[PDB]
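Architecture at a glance
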Amino acid sequence: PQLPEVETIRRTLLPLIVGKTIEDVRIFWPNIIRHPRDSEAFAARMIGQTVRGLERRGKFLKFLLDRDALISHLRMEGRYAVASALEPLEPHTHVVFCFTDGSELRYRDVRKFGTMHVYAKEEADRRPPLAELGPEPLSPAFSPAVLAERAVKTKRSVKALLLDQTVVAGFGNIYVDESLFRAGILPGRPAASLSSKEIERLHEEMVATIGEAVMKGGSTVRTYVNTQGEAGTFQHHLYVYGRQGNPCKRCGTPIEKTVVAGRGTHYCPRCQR
DNA sequence: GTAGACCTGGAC
DNA sequence: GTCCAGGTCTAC
Ligand SMILES: [Zn+2]
(Lines give C-alpha, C1' and ligand atoms only; values in the text may rest on other atoms or scores of the structure.)
Protein backbone atom coordinates (compact mmCIF):
# COMPACT_ATOMS: atom_id res chain seq x y z
CA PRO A 1 0.00 0.00 0.00
CA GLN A 2 1.26 3.40 -1.11
CA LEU A 3 -0.36 6.76 -0.36
CA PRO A 4 -3.50 6.17 -2.47
CA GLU A 5 -4.17 2.75 -0.93
CA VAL A 6 -3.45 3.87 2.65
CA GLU A 7 -5.63 6.96 2.05
CA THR A 8 -8.52 4.86 0.71
CA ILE A 9 -8.21 2.56 3.73
CA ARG A 10 -8.20 5.62 6.00
CA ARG A 11 -11.39 7.05 4.53
CA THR A 12 -13.27 3.76 4.61
CA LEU A 13 -12.04 2.70 8.07
CA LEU A 14 -12.50 5.89 10.12
CA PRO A 15 -16.31 5.91 10.28
CA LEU A 16 -16.28 2.26 11.32
CA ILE A 17 -14.19 2.97 14.41
CA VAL A 18 -14.53 6.64 15.37
CA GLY A 19 -16.11 6.95 18.82
CA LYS A 20 -15.36 3.38 19.88
CA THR A 21 -13.51 2.64 23.12
CA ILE A 22 -10.77 0.02 23.22
CA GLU A 23 -11.58 -2.75 25.70
CA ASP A 24 -8.70 -5.12 24.94
CA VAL A 25 -5.78 -5.51 22.53
CA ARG A 26 -4.71 -9.01 21.53
CA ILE A 27 -1.41 -9.67 19.76
CA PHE A 28 -0.57 -12.99 18.06
CA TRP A 29 2.73 -11.89 16.47
CA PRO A 30 4.61 -9.58 18.94
CA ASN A 31 7.28 -8.70 16.39
CA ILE A 32 4.76 -6.37 14.72
CA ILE A 33 4.85 -4.19 17.86
CA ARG A 34 7.88 -1.88 17.65
CA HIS A 35 7.07 0.67 20.35
CA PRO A 36 6.80 0.20 23.12
CA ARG A 37 8.81 -2.96 22.38
CA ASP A 38 7.12 -4.86 25.22
CA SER A 39 3.85 -5.84 23.53
CA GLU A 40 2.09 -6.14 26.89
CA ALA A 41 2.76 -2.45 27.59
CA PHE A 42 1.58 -1.61 24.08
CA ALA A 43 -1.67 -3.46 24.75
CA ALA A 44 -2.22 -2.21 28.30
CA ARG A 45 -1.72 1.51 27.55
CA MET A 46 -4.44 1.59 24.92
CA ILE A 47 -7.16 -0.10 26.97
CA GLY A 48 -9.71 2.51 27.99
CA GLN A 49 -8.78 4.98 25.26
CA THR A 50 -11.29 6.06 22.61
CA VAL A 51 -10.68 6.46 18.87
CA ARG A 52 -11.11 10.18 18.11
CA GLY A 53 -9.68 10.22 14.59
CA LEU A 54 -7.74 8.58 11.79
CA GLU A 55 -5.11 10.45 9.83
CA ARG A 56 -2.49 9.54 7.26
CA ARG A 57 1.11 10.69 6.94
CA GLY A 58 2.91 9.29 3.92
CA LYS A 59 2.20 5.55 3.86
CA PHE A 60 1.47 5.46 7.60
CA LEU A 61 -1.95 5.39 9.22
CA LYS A 62 -2.28 7.52 12.34
CA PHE A 63 -4.98 6.44 14.78
CA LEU A 64 -5.76 9.31 17.13
CA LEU A 65 -6.92 8.04 20.51
CA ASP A 66 -7.11 10.06 23.74
CA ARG A 67 -3.54 10.48 24.94
CA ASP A 68 -1.84 8.28 22.34
CA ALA A 69 -1.49 8.04 18.59
CA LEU A 70 -1.10 4.58 17.05
CA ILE A 71 1.19 4.76 14.02
CA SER A 72 0.61 1.81 11.70
CA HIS A 73 2.53 0.77 8.60
CA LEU A 74 0.94 -1.86 6.36
CA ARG A 75 4.14 -2.59 4.42
CA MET A 76 3.34 -5.09 1.62
CA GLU A 77 0.34 -7.07 2.92
CA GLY A 78 -1.05 -5.35 6.01
CA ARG A 79 -4.85 -4.96 5.85
CA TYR A 80 -7.57 -3.82 8.25
CA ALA A 81 -11.19 -4.84 8.70
CA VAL A 82 -13.88 -4.27 11.32
CA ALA A 83 -16.10 -7.13 12.47
CA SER A 84 -17.92 -8.86 15.32
CA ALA A 85 -15.68 -10.12 18.13
CA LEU A 86 -18.02 -13.12 18.31
CA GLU A 87 -16.94 -14.50 14.93
CA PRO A 88 -13.80 -16.60 14.29
CA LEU A 89 -10.82 -14.63 12.93
CA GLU A 90 -9.55 -14.76 9.36
CA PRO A 91 -6.15 -16.39 8.73
CA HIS A 92 -3.00 -14.34 9.38
CA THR A 93 -4.73 -11.99 11.83
CA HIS A 94 -1.86 -10.81 14.03
CA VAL A 95 -3.39 -8.00 16.06
CA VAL A 96 -6.96 -7.33 17.15
CA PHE A 97 -8.37 -4.30 18.96
CA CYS A 98 -11.57 -5.20 20.78
CA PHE A 99 -14.08 -2.43 21.44
CA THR A 100 -16.61 -2.17 24.26
CA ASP A 101 -19.52 -2.45 21.84
CA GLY A 102 -18.55 -5.97 20.86
CA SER A 103 -17.04 -5.05 17.50
CA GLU A 104 -13.32 -5.23 16.77
CA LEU A 105 -10.59 -3.87 14.51
CA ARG A 106 -8.58 -6.68 13.00
CA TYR A 107 -5.14 -6.35 11.48
CA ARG A 108 -4.13 -9.05 8.99
CA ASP A 109 -0.66 -9.31 7.47
CA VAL A 110 0.33 -12.53 5.69
CA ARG A 111 4.01 -11.63 5.46
CA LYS A 112 4.16 -10.09 8.95
CA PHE A 113 6.14 -7.11 7.67
CA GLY A 114 3.86 -4.38 9.05
CA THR A 115 4.76 -2.36 12.15
CA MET A 116 2.95 -0.52 14.98
CA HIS A 117 4.28 2.34 17.14
CA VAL A 118 2.42 4.01 20.00
CA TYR A 119 3.45 7.38 21.45
CA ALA A 120 1.67 10.29 23.10
CA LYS A 121 0.13 12.44 20.36
CA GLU A 122 2.74 15.16 20.90
CA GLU A 123 5.71 12.84 20.49
CA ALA A 124 4.52 10.85 17.45
CA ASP A 125 5.71 13.41 14.90
CA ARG A 126 9.14 13.96 16.45
CA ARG A 127 10.03 10.29 16.77
CA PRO A 128 10.44 7.47 14.25
CA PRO A 129 9.02 6.33 11.93
CA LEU A 130 7.27 9.64 11.18
CA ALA A 131 10.11 11.96 12.24
CA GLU A 132 12.11 12.14 9.00
CA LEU A 133 9.35 11.76 6.41
CA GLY A 134 9.39 14.16 3.47
CA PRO A 135 6.48 16.46 2.54
CA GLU A 136 3.01 15.37 1.44
CA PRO A 137 2.79 15.19 -2.39
CA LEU A 138 -0.71 16.67 -2.55
CA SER A 139 0.41 19.62 -0.41
CA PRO A 140 2.16 22.95 -1.17
CA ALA A 141 5.16 21.67 0.81
CA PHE A 142 5.95 19.41 -2.15
CA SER A 143 7.08 21.44 -5.15
CA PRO A 144 9.53 21.20 -8.05
CA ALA A 145 12.02 23.10 -5.90
CA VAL A 146 11.95 20.41 -3.20
CA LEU A 147 12.52 17.68 -5.77
CA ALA A 148 15.35 19.63 -7.43
CA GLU A 149 17.00 20.36 -4.08
CA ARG A 150 17.32 16.62 -3.46
CA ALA A 151 17.83 15.62 -7.12
CA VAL A 152 20.77 17.95 -7.85
CA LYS A 153 22.66 16.58 -4.86
CA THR A 154 22.87 12.85 -5.56
CA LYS A 155 24.08 10.50 -8.27
CA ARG A 156 21.66 7.64 -7.59
CA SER A 157 18.82 6.79 -9.97
CA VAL A 158 15.85 9.12 -10.07
CA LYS A 159 13.80 6.05 -9.10
CA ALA A 160 15.73 5.47 -5.86
CA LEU A 161 15.19 9.16 -5.17
CA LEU A 162 11.40 8.96 -5.59
CA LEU A 163 11.14 5.83 -3.43
CA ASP A 164 12.95 7.69 -0.64
CA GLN A 165 10.29 8.59 1.92
CA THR A 166 12.51 11.46 3.18
CA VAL A 167 12.37 13.23 -0.21
CA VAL A 168 8.60 12.98 -0.59
CA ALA A 169 6.20 10.73 1.35
CA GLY A 170 3.86 8.23 -0.29
CA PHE A 171 5.29 6.97 -3.57
CA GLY A 172 6.03 3.27 -4.01
CA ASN A 173 7.07 0.90 -6.81
CA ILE A 174 3.85 1.33 -8.80
CA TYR A 175 3.52 5.12 -8.64
CA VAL A 176 7.21 5.84 -9.11
CA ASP A 177 7.21 3.81 -12.36
CA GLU A 178 3.97 5.43 -13.54
CA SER A 179 5.12 8.97 -12.78
CA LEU A 180 8.46 8.53 -14.53
CA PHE A 181 6.61 7.10 -17.53
CA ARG A 182 4.15 9.96 -17.66
CA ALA A 183 7.04 12.42 -17.32
CA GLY A 184 8.96 10.62 -20.07
CA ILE A 185 12.03 9.93 -17.91
CA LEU A 186 13.92 6.63 -17.68
CA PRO A 187 13.92 5.19 -14.15
CA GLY A 188 17.60 4.25 -14.18
CA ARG A 189 19.13 7.64 -14.95
CA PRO A 190 20.92 9.79 -12.34
CA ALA A 191 18.62 12.18 -10.51
CA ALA A 192 21.37 14.76 -10.99
CA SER A 193 21.11 14.39 -14.77
CA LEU A 194 17.53 15.69 -14.71
CA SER A 195 17.07 19.16 -16.16
CA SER A 196 14.87 21.81 -14.55
CA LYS A 197 12.28 21.15 -17.26
CA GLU A 198 12.17 17.41 -16.56
CA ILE A 199 12.04 17.97 -12.81
CA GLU A 200 9.08 20.34 -13.16
CA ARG A 201 7.41 17.81 -15.47
CA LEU A 202 8.08 14.89 -13.11
CA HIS A 203 6.70 16.84 -10.14
CA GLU A 204 3.54 17.61 -12.09
CA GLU A 205 3.06 13.95 -13.10
CA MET A 206 3.77 12.80 -9.56
CA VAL A 207 1.04 15.03 -8.15
CA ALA A 208 -1.38 14.15 -10.95
CA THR A 209 -0.80 10.40 -10.70
CA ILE A 210 -1.06 10.13 -6.92
CA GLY A 211 -4.10 12.40 -7.04
CA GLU A 212 -5.87 10.33 -9.69
CA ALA A 213 -5.02 7.07 -7.90
CA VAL A 214 -6.72 8.38 -4.75
CA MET A 215 -9.91 9.13 -6.70
CA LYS A 216 -9.94 5.60 -8.12
CA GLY A 217 -9.55 4.06 -4.68
CA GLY A 218 -5.99 2.91 -5.26
CA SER A 219 -4.57 0.14 -7.41
CA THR A 220 -5.43 -3.51 -6.83
CA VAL A 221 -2.75 -5.49 -8.64
CA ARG A 222 -2.23 -8.38 -6.22
CA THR A 223 -3.94 -8.24 -2.81
CA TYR A 224 -5.00 -4.67 -2.01
CA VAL A 225 -8.60 -3.88 -1.07
CA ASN A 226 -10.12 -1.07 0.99
CA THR A 227 -11.55 -1.66 4.48
CA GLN A 228 -14.80 -2.88 2.91
CA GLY A 229 -12.79 -5.57 1.15
CA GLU A 230 -13.34 -3.67 -2.08
CA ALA A 231 -10.77 -3.39 -4.87
CA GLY A 232 -9.51 -0.09 -6.26
CA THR A 233 -9.66 0.62 -9.99
CA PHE A 234 -6.56 2.63 -10.83
CA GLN A 235 -4.88 -0.57 -12.04
CA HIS A 236 -6.90 -0.04 -15.21
CA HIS A 237 -5.10 3.27 -15.65
CA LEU A 238 -1.55 1.96 -15.39
CA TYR A 239 0.78 2.68 -18.28
CA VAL A 240 3.75 0.51 -17.32
CA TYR A 241 3.56 -1.20 -13.92
CA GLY A 242 3.00 -4.91 -14.43
CA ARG A 243 2.58 -4.45 -18.18
CA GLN A 244 5.93 -5.92 -19.24
CA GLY A 245 5.55 -7.62 -22.61
CA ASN A 246 2.40 -5.68 -23.47
CA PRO A 247 2.31 -2.78 -25.95
CA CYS A 248 2.79 0.74 -24.62
CA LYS A 249 -0.50 2.65 -24.50
CA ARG A 250 1.06 5.68 -26.18
CA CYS A 251 3.46 4.29 -28.79
CA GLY A 252 2.82 0.55 -28.93
CA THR A 253 6.40 -0.40 -28.03
CA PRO A 254 6.46 -3.45 -25.72
CA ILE A 255 6.81 -2.33 -22.09
CA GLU A 256 10.00 -3.59 -20.47
CA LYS A 257 10.98 -4.77 -17.02
CA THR A 258 14.36 -4.79 -15.28
CA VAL A 259 15.80 -4.16 -11.84
CA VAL A 260 16.50 -0.64 -10.60
CA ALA A 261 17.45 0.13 -7.00
CA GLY A 262 16.85 -3.55 -6.25
CA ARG A 263 13.26 -3.52 -7.49
CA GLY A 264 11.13 -4.63 -10.41
CA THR A 265 11.05 -1.66 -12.79
CA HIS A 266 8.65 -1.08 -15.68
CA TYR A 267 9.18 1.43 -18.47
CA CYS A 268 8.72 2.15 -22.17
CA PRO A 269 12.13 2.42 -23.89
CA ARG A 270 10.68 4.78 -26.48
CA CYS A 271 8.52 7.15 -24.42
CA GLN A 272 11.02 7.42 -21.59
CA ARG A 273 14.44 8.96 -22.14
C1' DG B 1 24.37 1.12 -4.50
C1' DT B 2 22.87 -3.77 -3.59
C1' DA B 3 22.27 -8.56 -1.99
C1' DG B 4 20.31 -10.33 2.42
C1' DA B 5 16.59 -9.86 5.94
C1' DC B 6 11.96 -10.54 7.39
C1' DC B 7 7.72 -14.19 5.73
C1' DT B 8 4.15 -16.42 3.32
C1' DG B 9 1.35 -17.76 -0.46
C1' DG B 10 0.59 -17.68 -5.54
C1' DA B 11 1.81 -18.32 -10.52
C1' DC B 12 4.74 -21.32 -13.99
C1' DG C 1 10.72 -26.36 -7.26
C1' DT C 2 12.00 -21.45 -8.67
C1' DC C 3 10.64 -16.64 -8.99
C1' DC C 4 7.95 -12.60 -7.37
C1' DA C 5 5.71 -9.10 -4.34
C1' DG C 6 1.75 -1.65 -3.30
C1' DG C 7 8.31 -1.86 1.80
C1' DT C 8 12.09 -0.56 4.32
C1' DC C 9 16.35 -1.88 6.80
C1' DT C 10 21.11 -3.38 6.82
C1' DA C 11 25.60 -5.36 6.10
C1' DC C 12 29.69 -6.06 2.43
ZN1 LIG D 1 5.76 4.21 -25.27
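Residues numbered from 1 in each chain as written, not as in the entry; some residues may be left out. Chains lettered and ligands numbered in written order. Heavy atoms only, no water. Residues with missing side-chain atoms left out of burial classes, pairs and counts.

Looking at the entry header, you'll see X-ray crystallography listed as the method and 2.34 Å as the resolution.

As for the coordination of the zinc ion
At this site the zinc ion is bound by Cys248 (SG), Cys251 (SG), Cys268 (SG) and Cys271 (SG), with donor distances of 2.3 to 2.4 Å. For the zinc ion, the four donor atoms are set out with angles of 97 to 117° between them, so the coordination reads as tetrahedral. Here the donor residues for the zinc ion map to a single chain with the spacing C-x2-C-x16-C-x2-C. Highlighted residues: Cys251 in the loop between helix 7 (196-215) and strand 10 (256-260) and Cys268 in the segment after strand 11 (263-267), separated in sequence by 17 residues. On the basis of relative accessibility, which here comes to 0%, the residue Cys268 falls in the buried class. (Donors = N, O, S within 2.8 Å, 3.2 Å for Na, K, Ca; no water. Tetrahedral: all angles 85-135°; square planar, octahedral: opposite > 155°, others 65-115°. Helix = DSSP H or I, 4+ residues; strand = E, 2+ residues; numbered from the N terminus. Buried < 20%, exposed > 50% of the residue type's maximum accessible area, 1.4 Å probe, protein only.)

Side note on the protein's contact with DNA strand C
By nearness alone, 24 residues border DNA strand C, and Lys59, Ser219, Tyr224, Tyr241 and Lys257 come closest of all. By atom count, sugar and phosphate contribute 59% of the portion of DNA strand C lying within 4 Å of the protein. With respect to DNA strand C, the side chain of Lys59 contributes an N or O atom lying 2.6 Å from a phosphate oxygen. Those elements that place two or more of their residues in the surface near DNA strand C are helix 6 (173-182) and strand 11. (Near = heavy atom within 4 Å. Polar contact = N/O pair within 3.5 Å; in protein donor to acceptor, adjacent residues only side chain to side chain.)

Some points on the packing of helix 1 (residues 3-17) against helix 7
It is the contact of helix 1 with helix 7, at a shortest axis distance of 9 Å, that shows an interaxial angle of 35°. In terms of crossing hand, the pair formed by helix 1 and helix 7 is right-handed. Residues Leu3, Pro4, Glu7, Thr8 and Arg11 of helix 1 pack against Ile210, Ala213 and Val214 of helix 7. (Axes fitted to C-alpha atoms, helices over the stretch in contact; angles between N-to-C directions. Left-handed = near helix turned anticlockwise from the far one by under 90°. Contact = heavy atoms within 4.5 Å.)

Points about the sheet that holds strand 8 (residues 103-108)
Taking strand neighbours across the sheet as the criterion, the four strands line up as 1-7-8-6 in an open arrangement whose pairing is antiparallel. One side of each edge strand has no neighbouring strand; the edge strands of this open sheet are strand 1 (22-27) and strand 6 (79-84). Strand-to-strand twist of the sheet, defined as the mean angle between neighbouring strand axes without regard to direction, takes the value 20°. Sheet topology note: the strand 7 (residues 93-99)/strand 8 ladder contains five bridges and is antiparallel. Looking across to strand 8, one finds that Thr93 is bridged to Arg108. (Pairing = 2+ DSSP bridges.)

Overview of the UniProt feature "binding site: Zn(2+)" (unreviewed entry) in chain A
When the UniProt feature table is mapped onto this chain numbering, "binding site: Zn(2+)" (unreviewed entry) sits at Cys248, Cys251, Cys268 and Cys271. Spatially, the listed residues are clustered: although they cover 24 residues, their C-alpha atoms lie within 8.7 Å of one another. Apart from residues no more than four positions distant in its own chain, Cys268 is found in contact with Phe181, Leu186, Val240, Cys248, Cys251, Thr253 and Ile255. (UniProt positions renumbered as here; feature names shortened; annotations may be inferred.)

Structural notes on the packing of helix 6 against helix 7
Packing of helix 6 against helix 7 brings their axes to within 8 Å, and their N-to-C directions diverge by 130°. Taken together, the axes of helix 6 and helix 7 are oblique relative to one another. With respect to the hand of their crossing, helix 6 and helix 7 are arranged in right-handed fashion. Contacts from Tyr175, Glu178, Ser179, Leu180 and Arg182 in helix 6 reach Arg201, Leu202, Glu205, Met206, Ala208, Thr209, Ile210, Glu212 and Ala213 in helix 7. Grouping the amino acids of the contact of helix 6 with helix 7 by side-chain chemistry returns seven nonpolar, two polar and five charged. (Parallel < 35°, antiparallel > 145°, perpendicular 65-115°, else oblique. Nonpolar A, V, L, I, M, F, W, Y, C, P; charged D, E, K, R; others polar.)

Notes on the UniProt feature "domain: Formamidopyrimidine-DNA glycosylase catalytic" (unreviewed entry) in chain A
Summarizing the sequence annotation, UniProt attributes the feature "domain: Formamidopyrimidine-DNA glycosylase catalytic" (unreviewed entry) to residues 1-114 in the numbering used throughout. Annotated as 20% helix and 39% strand, the span residues 1-114 places its first and last C-alpha atoms 11 Å apart.

Comments concerning the pairing of strand 3 (residues 53-57)
Alignment of strand 3 against strand 4 (residues 60-64), held across five bridges, turns out to be antiparallel. Considered in strand 4, the bridge of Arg56 is made with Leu61.

Some details on the domain arrangement of chain A
Split by domain assignment, chain A resolves into domain 1 (1-132) and domain 2 (133-273). One C-alpha centre belongs to domain 1, the other to domain 2; they are set 28 Å apart. Facing 24 residues of domain 1, the contacting portion of domain 2 comprises 26 residues. Mapped by element, the contributors of at least two residues to the side of domain 1 that touches domain 2 are helix 1, strand 3 and strand 6. Per element, the largest residue contribution to the side of domain 1 that touches domain 2 is ten residues, and it comes from helix 1. Residue composition of the side of domain 1 that touches domain 2, grouped by class: eleven nonpolar, four polar and nine charged. (Domains from an automatic or database assignment.)

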